[PDB]
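Take a look at this one chain, the form solved without this ligand, written out in structure tokens.
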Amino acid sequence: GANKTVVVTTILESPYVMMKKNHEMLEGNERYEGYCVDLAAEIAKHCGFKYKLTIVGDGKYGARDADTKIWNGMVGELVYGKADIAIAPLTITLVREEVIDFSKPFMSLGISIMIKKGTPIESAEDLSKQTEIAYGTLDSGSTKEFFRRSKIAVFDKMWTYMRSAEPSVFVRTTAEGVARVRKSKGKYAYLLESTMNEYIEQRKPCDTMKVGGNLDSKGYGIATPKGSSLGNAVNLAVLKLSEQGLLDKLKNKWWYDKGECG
């Protein structure tokens, strides 16, 4: 069959995908910049396809409704055939691996704690043993599922608190979670992946920090519909780009070369 345009689903998540400054006057793929935008171009080059970047319609990574069993987010766009590939900071998880294909990981990370500077919190155990400082996670993502499923004493205690906290401690986007840390004068801490935490730590106004070690160890992968013929070539491209040092170069470009806090 003749080549067709590969539909790429992704998510507005800094520094992976961001609107360029002049984006209102730009169109198509040129509206966007970031780590995943650069990565998409590299994957397309090595695999030999043309592509269109599209921002996921519901703004979500992907979770399965416990009642209706329907997948939302970027995972849903792959499951229902609305996109051909997802190039995003999409965490490789068991429940997702059962319904979509993943490349080997292009980035390693773990769940981490973001505080406003000066907050008297050093660890998840600290958060779990107090109630003055609220804390939460992103909706429809792997971090929330981590706490929902954990049998580790500290993390189960944190989940029991978060699921019933009022007002809600869950946010719709990472940016909302970060904004809540910044505006809460230290009374809200945010549970997010170390990649995004470390990025924000280097962005103005330089008022947040990552505390403690990571709570787990996992990776982001490029996702394709289960059984898609594109997955094999995409996986080999990730491995080649990793071994050539390109992924390290892109991490340095978007996290630290552009750091704003010194």
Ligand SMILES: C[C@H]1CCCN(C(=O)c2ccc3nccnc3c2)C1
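Don't overthink the numbering: it's just position in the shown sequence, from 1.
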* If you average the Cα B factors in the entry, which is higher, 180 to 188 or 87 to 95? -> 180 to 188
* Structure fact -> Entry B factor averaged over C-alpha atoms, 50 to 58 against 64 to 72: higher for 64 to 72
* Structure fact -> Reading the B-factor column for Cα atoms of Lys226, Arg31, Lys218, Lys210, the highest value belongs to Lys226
* Asked: Which one of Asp156, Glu145, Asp101, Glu77 shows the top CA temperature factor in the record?
  -> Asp156
* Looking at the C-alpha B-factor of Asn197, is it in the lowest, middle or highest third of its chain? -> lowest
* Is the Cα B-factor recorded for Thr10 in the lowest, middle or highest third of its chain? -> lowest
* Compare the C-alpha B factor of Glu24 with those of the other modelled residues in its chain, then answer lowest, middle or highest third. => highest
* Please place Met18 in the lowest, middle or highest third of its chain by C-alpha B factor as given in the entry. => middle
* Chain thirds of CA B-factor: placement of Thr137 -> middle
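Just so you know, the form deposited with this ligand bound exists too; it's not on screen, but the next bit is about it.
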* Asked: So in the deposited complex, does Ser150 come within 4.5 Å of this ligand, heavy atom to heavy atom?
  -> no
* To do: Check whether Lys82 has any heavy atom within 4.5 Å of a heavy atom of this ligand in the deposited complex, and answer yes or no.
  => no
* Spell out, yes or no, whether the shortest heavy atom distance between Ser123 and this ligand in the deposited complex is within 4.5 Å. => no
* Consider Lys116 of the chain shown here, and say whether it contacts this ligand in the deposited complex, taking contact as heavy atoms within 4.5 Å. => yes
* Within 26 to 59, which residues come within 4.5 Å of this ligand in the deposited complex, counting heavy atoms only? -> none
